[PDB]
Amino acid sequence: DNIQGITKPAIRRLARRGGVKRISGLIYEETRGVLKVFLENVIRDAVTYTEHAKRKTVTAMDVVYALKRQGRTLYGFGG
Amino acid sequence: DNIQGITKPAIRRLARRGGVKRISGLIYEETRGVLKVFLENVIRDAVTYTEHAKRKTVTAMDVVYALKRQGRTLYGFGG
Amino acid sequence: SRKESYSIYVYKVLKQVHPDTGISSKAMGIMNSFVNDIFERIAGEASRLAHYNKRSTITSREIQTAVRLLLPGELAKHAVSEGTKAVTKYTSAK
Amino acid sequence: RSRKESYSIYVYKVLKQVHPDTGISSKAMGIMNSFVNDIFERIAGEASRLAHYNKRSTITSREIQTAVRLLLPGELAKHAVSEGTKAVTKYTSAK
Amino acid sequence: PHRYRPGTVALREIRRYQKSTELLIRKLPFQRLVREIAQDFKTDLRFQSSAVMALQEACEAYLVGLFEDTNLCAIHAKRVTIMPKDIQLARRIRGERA
Amino acid sequence: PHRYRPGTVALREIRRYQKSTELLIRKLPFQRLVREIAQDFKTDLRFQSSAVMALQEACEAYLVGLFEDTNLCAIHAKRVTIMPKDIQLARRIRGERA
Amino acid sequence: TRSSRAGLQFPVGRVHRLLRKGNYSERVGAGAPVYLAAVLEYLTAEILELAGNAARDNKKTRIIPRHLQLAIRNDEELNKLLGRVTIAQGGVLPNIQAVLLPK
DNA sequence: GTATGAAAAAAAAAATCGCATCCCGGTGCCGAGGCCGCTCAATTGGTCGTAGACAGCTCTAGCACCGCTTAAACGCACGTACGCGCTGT
């Protein structure tokens, strides 16, 4: 149950950065749920890359390759 | 000026198929404008495929290859 | 010239699943395109899978892993199977 | 150690050609690095298809161009199509 | 006379068009439009009568596809009429502009 | 005493966070969460300290990216507070659900 | 044939050829084409199976495009797969959002 | 500003009436199924070379320890605007 470790205010911040002025108390849970979905979908693949390579350690590259696959490509970790 | 050839009611239909009950008189023009943008963006590439092949005629395939490129892939004309 | 297809294979499979049901030229052409896409999607993911791990040889293993990623859970499972089944059956049929 | 190649050295020369009196961060460099590989791969890819679509086994300067036209927006492509064509012509004449 | 209340028809019109698959834009006007735009990029161009339809297909299905989302926007605003700002919003989120 | 009027802060808070690039989620809780989800697909897994960050980055930027769209939805409804149904609407149009 | 050795309909051969001539890698592990050919066959079937059910539910012998669409779109899984995909004469699943309905 | 009547007009229920969709024949004709002849690509079987399998050594780089101070989280509660519902061109 580390999902709650994503703290109410920590979300507040993210949303603030988006350009959010006011935030329903329901949001926080909703957001958590979404985040889970996101990471899961990603990591699943990311891991599945790792599973193929015969490595028990996950590399940054595995992460990227997955992010790229999931159409949310990432620069700064050497794609 | 064939853009108007896209008739008020012809749009009515499309929107109806979308699941639309009521439609601002402004929409029709808005829609036209959008459609233009779409075709243009597409055809441009579609042509540009043709331009590569050394053909003065555009094929269905050229259309598809472009639609695929533009992330609106089409089944039912091969490829 | 000879414009190839999959149209003939579709038919055999149709009759294996619904013997007493036909299909339209337009739908066939669709099914045709459907195949080529997924083929290309898989091949592609596989080609990368290979190129990522410094291999020049795409094996049955690479295909599988690709499929796992490209297909949703239940669909992939049923496929992973019908794959594995098709491999095993060929390595034993010489 | 391994021998992980980069573009990092070329970036520098280009930086100095455009803004001599401006440096850059490891993090931004790594970014620029990734940027290159992507577009490279995007172009290569579109080109590989361009080839495979037209029953060719040889990707030429022509294929690259057509790819660029498709991948890049108008003004960007134009300025590139040029700086390409310019780089081709200049090499075929320099023997 | 006898006259159905505003909407009730549309609602029918939807059931009808939802159920059918025919192309809803008139073939020629479109065909012509395609060519008119063709000229802008190169002249003396011919099109496969299949290529034409091919386009028409994706356009309608796209426009329909938009209107689907479009309406969901108008609805979210407690409304029932779609207004430019709905399409605009949709297209933004979609990523067709900014 | 002295109190700034509701919102005025948020408004500041935005200017601040918009302007900065630092990661807004706490590193460990996240790192831990990543592992908790890791276990679901395979156990006894290790992560490159870079891979962790790599994830964190895309997440925040995505969540920010969502909230951007999210808010535009709430706004379109003449509102200023975001409500789940805004995210939901956004995600639908985006194509993250149906 | 190889196709019969696996017991598949799909032409494990033509795949193998398509792969070497495809520019997907240098070398293609004779296993691969089998696995793939099957996968395709399955997907092909999973759809046809569903389409065939829609056809019957229309009182038609012959599957048209609309069927394929209707079939794909009502299965959550197939849908997700064919997300950024358009189908010729596909129409759309009859859905009118309740607040539009009258009274 | 509370219990009778009352009452008058928007909201719940029937009977005209009509207009538009489904089902069942029943009319035609095309484009789906299976025969045909013809090429190529699928199969077979040798020849070679090199990818990948295997086991091993080298050292990076994740996991785990600590105990401190510190900013982030947690909460509580007091009061403002912000959303939600009603009403009328």
# chains A, B, ... in the order shown; residues from 1 in each chain; ligands from 1
$ interface_residues --of "chain B" --to "chain E" --cutoff "7 Å" --atoms "only C-alpha atoms" --output "PyMOL selection string"
chain B and resi 2-3+5-6+10+13-24+26-27+30+40+44+56-60+63+77
$ write_last_selection --atoms "C-alpha atoms" --output "short mmCIF file (atom, residue, chain, number, x, y, z; two decimals), in the first residue's frame"
data_model
loop_
_atom_site.label_atom_id
_atom_site.label_comp_id
_atom_site.auth_asym_id
_atom_site.auth_seq_id
_atom_site.Cartn_x
_atom_site.Cartn_y
_atom_site.Cartn_z
CA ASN B 2 -15.76 23.56 -53.60
CA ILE B 3 -15.38 23.63 -49.74
CA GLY B 5 -19.88 21.60 -51.73
CA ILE B 6 -19.76 20.04 -48.22
CA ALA B 10 -24.33 16.47 -45.17
CA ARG B 13 -25.69 13.59 -40.99
CA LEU B 14 -22.03 13.03 -39.88
CA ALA B 15 -22.78 14.72 -36.49
CA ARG B 16 -26.02 12.68 -36.20
CA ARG B 17 -23.82 9.52 -36.65
CA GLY B 18 -21.54 10.92 -33.86
CA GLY B 19 -24.64 10.94 -31.60
CA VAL B 20 -25.46 14.71 -31.87
CA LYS B 21 -29.03 16.08 -31.19
CA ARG B 22 -28.49 19.87 -31.71
CA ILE B 23 -25.93 21.90 -33.69
CA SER B 24 -24.94 25.65 -33.66
CA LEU B 26 -21.54 28.38 -36.59
CA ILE B 27 -20.42 24.65 -36.52
CA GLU B 30 -15.94 25.44 -38.32
CA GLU B 40 -4.63 19.04 -46.89
CA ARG B 44 0.12 16.66 -49.01
CA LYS B 56 1.54 11.80 -62.07
CA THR B 57 -1.49 9.67 -60.97
CA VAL B 58 -2.16 9.13 -57.20
CA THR B 59 -2.98 5.47 -56.17
CA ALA B 60 -5.19 4.26 -53.26
CA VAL B 63 -3.57 7.46 -49.73
CA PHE B 77 -7.94 -0.56 -49.52
#
$ interface_residues --of "chain H" --to "chain G" --cutoff "8 Å" --atoms "only C-alpha atoms (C1' of nucleotides)" --output "tab-separated table (two decimals) with N, CA and C atoms (P, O5', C5', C4', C3', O3' and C1' of nucleotides), in the first residue's frame"
chain	number	residue	atom	x	y	z
H	41	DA	P	8.54	-15.49	-56.82
H	41	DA	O5'	7.94	-16.50	-55.74
H	41	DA	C5'	6.52	-16.64	-55.55
H	41	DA	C4'	6.24	-17.71	-54.52
H	41	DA	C3'	7.14	-17.67	-53.30
H	41	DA	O3'	6.41	-18.24	-52.22
H	41	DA	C1'	7.64	-19.60	-54.59
H	42	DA	P	7.11	-18.51	-50.83
H	42	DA	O5'	6.94	-20.09	-50.66
H	42	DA	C5'	5.63	-20.68	-50.58
H	42	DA	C4'	5.74	-22.19	-50.56
H	42	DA	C3'	6.54	-22.77	-49.39
H	42	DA	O3'	5.96	-24.00	-48.96
H	42	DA	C1'	7.56	-23.40	-51.41
H	43	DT	P	6.78	-25.01	-48.03
H	43	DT	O5'	7.43	-26.03	-49.07
H	43	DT	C5'	7.17	-27.45	-49.01
H	43	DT	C4'	8.40	-28.25	-49.37
H	43	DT	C3'	9.49	-28.25	-48.30
H	43	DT	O3'	9.47	-29.39	-47.42
H	43	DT	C1'	10.39	-28.05	-50.54
$ residues_around --residues "residue 24 in chain D" --least-positions-apart "3" --cutoff "10 Å" --atoms "only C-alpha atoms (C1' of nucleotides)" --output "list in words"
residues 11, 12, 15, 27, 28 and 29 of chain D
$ select_by_dssp --residues "chain F" --states "strand (DSSP E or B)" --output "JSON, numbers by chain"
{"F": [46, 47, 81, 82]}
$ write_last_selection --atoms "N, CA, C and O atoms" --output "PDB file, in the first residue's frame"
ATOM      1  N   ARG F  46      15.831  -5.917  -9.272  1.00  0.00           N
ATOM      2  CA  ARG F  46      16.655  -4.720  -8.955  1.00  0.00           C
ATOM      3  C   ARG F  46      16.452  -3.687 -10.069  1.00  0.00           C
ATOM      4  O   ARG F  46      16.094  -4.102 -11.206  1.00  0.00           O
ATOM      5  N   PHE F  47      16.636  -2.397  -9.754  1.00  0.00           N
ATOM      6  CA  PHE F  47      16.383  -1.250 -10.667  1.00  0.00           C
ATOM      7  C   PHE F  47      17.610  -0.348 -10.750  1.00  0.00           C
ATOM      8  O   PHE F  47      18.137  -0.024  -9.677  1.00  0.00           O
ATOM      9  N   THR F  81     -12.624  24.732 -10.151  1.00  0.00           N
ATOM     10  CA  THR F  81     -12.253  23.470  -9.451  1.00  0.00           C
ATOM     11  C   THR F  81     -12.282  22.301 -10.443  1.00  0.00           C
ATOM     12  O   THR F  81     -13.297  22.208 -11.194  1.00  0.00           O
ATOM     13  N   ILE F  82     -11.243  21.447 -10.443  1.00  0.00           N
ATOM     14  CA  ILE F  82     -11.246  20.178 -11.241  1.00  0.00           C
ATOM     15  C   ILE F  82     -11.942  19.092 -10.408  1.00  0.00           C
ATOM     16  O   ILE F  82     -11.712  19.067  -9.155  1.00  0.00           O
TER      17      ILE F  82
END
$ closest_atom_pairs --of "chain C" --to "chain H" --cutoff "9 Å" --atoms "only C-alpha atoms (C1' of nucleotides)" --output "JSON lines"
{"residue": "C:2", "atom": "CA", "partner": "H:40", "partner_atom": "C1'", "distance": 8.8}
{"residue": "C:22", "atom": "CA", "partner": "H:32", "partner_atom": "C1'", "distance": 8.2}
{"residue": "C:23", "atom": "CA", "partner": "H:32", "partner_atom": "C1'", "distance": 8.2}
{"residue": "C:24", "atom": "CA", "partner": "H:32", "partner_atom": "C1'", "distance": 7.6}
{"residue": "C:25", "atom": "CA", "partner": "H:32", "partner_atom": "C1'", "distance": 8.3}
{"residue": "C:55", "atom": "CA", "partner": "H:51", "partner_atom": "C1'", "distance": 7.5}
{"residue": "C:56", "atom": "CA", "partner": "H:51", "partner_atom": "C1'", "distance": 6.9}
{"residue": "C:57", "atom": "CA", "partner": "H:51", "partner_atom": "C1'", "distance": 7.0}
$ residues_around --residues "range 6-13 of chain C" --least-positions-apart "5" --cutoff "7 Å" --atoms "only C-alpha atoms (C1' of nucleotides)" --output "list in words"
residues 28 and 32 of chain C; 9, 10 and 45 of chain G
$ closest_residue --among "H:58, H:76, H:65, H:15" --to "chain D" --atoms "only C-alpha atoms (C1' of nucleotides)"
H:58
$ closest_atom_pairs --of "chain C" --to "chain G" --cutoff "7 Å" --atoms "only C-alpha atoms" --output "tab-separated table"
residue	atom	partner	partner_atom	distance
C:9	CA	G:10	CA	5.7
C:12	CA	G:9	CA	6.8
C:13	CA	G:45	CA	6.5
C:14	CA	G:48	CA	6.4
C:17	CA	G:49	CA	6.0
C:18	CA	G:52	CA	6.6
C:21	CA	G:61	CA	4.8
C:22	CA	G:62	CA	4.0
C:23	CA	G:63	CA	4.1
C:24	CA	G:64	CA	5.2
C:26	CA	G:65	CA	6.5
C:27	CA	G:65	CA	4.5
C:35	CA	G:40	CA	6.4
C:43	CA	G:24	CA	6.4
C:44	CA	G:24	CA	6.5
C:47	CA	G:24	CA	5.0
C:56	CA	G:26	CA	5.5
C:57	CA	G:27	CA	4.6
C:58	CA	G:28	CA	5.0
C:59	CA	G:29	CA	4.2
C:60	CA	G:32	CA	4.0
C:63	CA	G:32	CA	6.2
C:71	CA	G:81	CA	6.8
C:72	CA	G:77	CA	6.1
C:79	CA	G:39	CA	5.4
C:82	CA	G:38	CA	6.2
C:83	CA	G:35	CA	4.5
C:84	CA	G:35	CA	6.8
C:86	CA	G:6	CA	4.8
C:87	CA	G:35	CA	6.1
C:89	CA	G:6	CA	5.3
C:90	CA	G:6	CA	4.8
C:93	CA	G:5	CA	5.8
$ atom_distance --atom1 "CA of residue 58 in chain G" --atom2 "CA of residue 75 in chain G"
17.7 Å
$ atom_distance --atom1 "CA of residue 42 in chain B" --atom2 "CA of residue 64 in chain B"
9.6 Å
$ closest_atom_pairs --of "chain D" --to "chain A" --cutoff "7 Å" --atoms "only C-alpha atoms" --output "Markdown table"
| residue | atom | partner | partner_atom | distance |
| --- | --- | --- | --- | --- |
| D:27 | CA | A:76 | CA | 6.3 |
| D:30 | CA | A:76 | CA | 5.1 |
| D:31 | CA | A:76 | CA | 4.2 |
| D:33 | CA | A:78 | CA | 6.7 |
| D:34 | CA | A:79 | CA | 5.0 |
| D:35 | CA | A:75 | CA | 6.5 |
| D:37 | CA | A:79 | CA | 6.8 |
$ decode --residues "chain E" --atoms "C-alpha atoms" --output "mmCIF file, in the first residue's frame"
data_model
loop_
_atom_site.group_PDB
_atom_site.id
_atom_site.type_symbol
_atom_site.label_atom_id
_atom_site.label_comp_id
_atom_site.auth_asym_id
_atom_site.auth_seq_id
_atom_site.Cartn_x
_atom_site.Cartn_y
_atom_site.Cartn_z
ATOM 1 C CA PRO E 1 -51.322 19.183 -39.631
ATOM 2 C CA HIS E 2 -49.151 16.770 -37.485
ATOM 3 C CA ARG E 3 -45.591 17.896 -36.458
ATOM 4 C CA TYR E 4 -42.991 16.068 -34.248
ATOM 5 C CA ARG E 5 -41.305 18.159 -31.445
ATOM 6 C CA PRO E 6 -37.799 19.610 -32.108
ATOM 7 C CA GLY E 7 -35.148 16.869 -31.558
ATOM 8 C CA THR E 8 -37.498 13.828 -31.792
ATOM 9 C CA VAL E 9 -36.635 13.728 -35.571
ATOM 10 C CA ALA E 10 -32.826 14.171 -35.167
ATOM 11 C CA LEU E 11 -33.097 11.222 -32.652
ATOM 12 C CA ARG E 12 -34.754 9.100 -35.425
ATOM 13 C CA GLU E 13 -32.239 10.481 -38.012
ATOM 14 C CA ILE E 14 -29.430 9.175 -35.666
ATOM 15 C CA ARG E 15 -30.901 5.620 -35.220
ATOM 16 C CA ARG E 16 -31.109 5.498 -39.078
ATOM 17 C CA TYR E 17 -27.539 6.760 -39.880
ATOM 18 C CA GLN E 18 -25.883 4.963 -36.891
ATOM 19 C CA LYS E 19 -27.416 1.685 -38.291
ATOM 20 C CA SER E 20 -26.259 2.280 -41.947
ATOM 21 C CA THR E 21 -22.621 2.449 -43.295
ATOM 22 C CA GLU E 22 -23.183 4.389 -46.606
ATOM 23 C CA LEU E 23 -21.055 7.550 -47.218
ATOM 24 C CA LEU E 24 -22.987 10.711 -46.114
ATOM 25 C CA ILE E 25 -21.064 13.341 -48.249
ATOM 26 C CA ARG E 26 -21.994 13.679 -51.961
ATOM 27 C CA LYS E 27 -19.257 11.884 -54.047
ATOM 28 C CA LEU E 28 -18.620 14.525 -56.800
ATOM 29 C CA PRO E 29 -18.433 17.725 -54.660
ATOM 30 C CA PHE E 30 -15.835 15.783 -52.554
ATOM 31 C CA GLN E 31 -14.006 14.280 -55.608
ATOM 32 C CA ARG E 32 -13.841 17.861 -57.043
ATOM 33 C CA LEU E 33 -12.687 19.302 -53.632
ATOM 34 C CA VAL E 34 -9.926 16.632 -53.422
ATOM 35 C CA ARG E 35 -8.675 17.756 -56.911
ATOM 36 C CA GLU E 36 -8.977 21.542 -56.020
ATOM 37 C CA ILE E 37 -6.595 20.870 -53.040
ATOM 38 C CA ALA E 38 -4.452 18.492 -55.211
ATOM 39 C CA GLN E 39 -3.629 21.424 -57.595
ATOM 40 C CA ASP E 40 -2.149 23.504 -54.675
ATOM 41 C CA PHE E 41 0.802 20.981 -54.375
ATOM 42 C CA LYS E 42 1.103 19.835 -58.058
ATOM 43 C CA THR E 43 -0.947 20.336 -61.307
ATOM 44 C CA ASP E 44 -2.001 17.800 -64.055
ATOM 45 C CA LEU E 45 -2.727 15.165 -61.313
ATOM 46 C CA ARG E 46 -4.977 12.081 -61.735
ATOM 47 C CA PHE E 47 -6.539 10.038 -58.846
ATOM 48 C CA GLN E 48 -7.572 6.332 -58.734
ATOM 49 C CA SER E 49 -11.439 6.366 -58.353
ATOM 50 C CA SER E 50 -10.611 4.032 -55.339
ATOM 51 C CA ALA E 51 -8.137 6.568 -53.781
ATOM 52 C CA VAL E 52 -10.981 9.197 -53.834
ATOM 53 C CA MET E 53 -13.404 6.926 -51.874
ATOM 54 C CA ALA E 54 -10.475 5.799 -49.644
ATOM 55 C CA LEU E 55 -10.074 9.475 -48.545
ATOM 56 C CA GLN E 56 -13.867 10.132 -48.252
ATOM 57 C CA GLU E 57 -14.025 7.060 -45.896
ATOM 58 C CA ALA E 58 -11.337 8.244 -43.388
ATOM 59 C CA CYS E 59 -12.698 11.879 -43.480
ATOM 60 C CA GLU E 60 -16.328 10.975 -42.574
ATOM 61 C CA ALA E 61 -15.238 8.345 -39.931
ATOM 62 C CA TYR E 62 -12.812 11.021 -38.538
ATOM 63 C CA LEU E 63 -15.469 13.818 -38.576
ATOM 64 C CA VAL E 64 -17.977 11.369 -36.970
ATOM 65 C CA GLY E 65 -15.132 10.323 -34.550
ATOM 66 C CA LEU E 66 -14.597 14.047 -33.666
ATOM 67 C CA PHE E 67 -18.363 14.837 -33.288
ATOM 68 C CA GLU E 68 -18.615 11.809 -30.900
ATOM 69 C CA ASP E 69 -15.913 13.460 -28.647
ATOM 70 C CA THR E 70 -17.236 16.994 -29.514
ATOM 71 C CA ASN E 71 -20.708 16.080 -28.136
ATOM 72 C CA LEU E 72 -19.140 14.573 -24.946
ATOM 73 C CA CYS E 73 -17.604 18.075 -24.435
ATOM 74 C CA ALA E 74 -20.916 19.991 -24.979
ATOM 75 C CA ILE E 75 -22.592 17.436 -22.609
ATOM 76 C CA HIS E 76 -19.894 17.982 -19.906
ATOM 77 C CA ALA E 77 -20.993 21.692 -20.079
ATOM 78 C CA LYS E 78 -24.613 20.556 -19.139
ATOM 79 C CA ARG E 79 -25.536 21.477 -22.790
ATOM 80 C CA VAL E 80 -27.053 19.453 -25.721
ATOM 81 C CA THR E 81 -26.112 21.759 -28.721
ATOM 82 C CA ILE E 82 -22.459 21.427 -29.959
ATOM 83 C CA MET E 83 -20.617 24.826 -30.328
ATOM 84 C CA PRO E 84 -17.288 25.595 -32.073
ATOM 85 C CA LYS E 85 -15.545 25.783 -28.604
ATOM 86 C CA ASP E 86 -16.488 22.054 -28.072
ATOM 87 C CA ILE E 87 -14.696 20.907 -31.277
ATOM 88 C CA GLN E 88 -11.815 23.320 -30.449
ATOM 89 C CA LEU E 89 -11.542 21.789 -26.870
ATOM 90 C CA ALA E 90 -11.677 18.199 -28.299
ATOM 91 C CA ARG E 91 -9.007 18.957 -31.025
ATOM 92 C CA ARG E 92 -6.777 20.631 -28.343
ATOM 93 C CA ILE E 93 -6.900 17.563 -25.989
ATOM 94 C CA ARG E 94 -6.583 15.261 -29.095
ATOM 95 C CA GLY E 95 -3.446 17.283 -30.060
ATOM 96 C CA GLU E 96 -4.547 18.558 -33.521
ATOM 97 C CA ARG E 97 -3.611 22.155 -32.424
ATOM 98 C CA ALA E 98 -2.560 23.878 -29.079
#
